[PDB]
């Protein structure tokens, strides 16, 4: 049943129109409809994100990860994610390919099962649906 949705730096600033609280609500509802339980967490702290990924590795739970700016910069986060035995879906709200060049490289994409970008907050819900149809 359990899927971890992990949001990295600055994702707490959503809607400052959907807020991060609203995003959690939307995800929890969709997960329930799909027969899943979503655990949604957000932090601006890389160490905190690492701890959540370590917990998902120890529990063999899937992860939907939007690492924010750390997507483009953190080898440490990639290394934690490499431990995951269940699926890892990378999600970005914006189309990172339509922006600055530095955003078009991800340390996570090569080790992710798959990647959804540019579909807004619905990307998280689509990632949930992938996991529901593959469990």
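Positions refer to the first chain, counted from 1.
Per the record, residue 16 and residue 17 are separated by 4 to 9 deposited residues that have no coordinates.
Looking at mean Cα B-factors across 17 to 25 and 116 to 124, the upper value is held by 17 to 25.
Set 27 to 35 against 56 to 64 and average the Cα temperature factors; 27 to 35 ends up higher. Within the selection 72, 78, 92, 99, the deposited Cα B-factor values reach their highest point at 99. Among all modelled residues in this chain, the alpha-carbon of residue 45 has a temperature factor (C-alpha) in the lowest third.
Ranked against the other modelled residues of its chain, the C-alpha B-factor of residue 6 as given in the entry falls in the lowest third.
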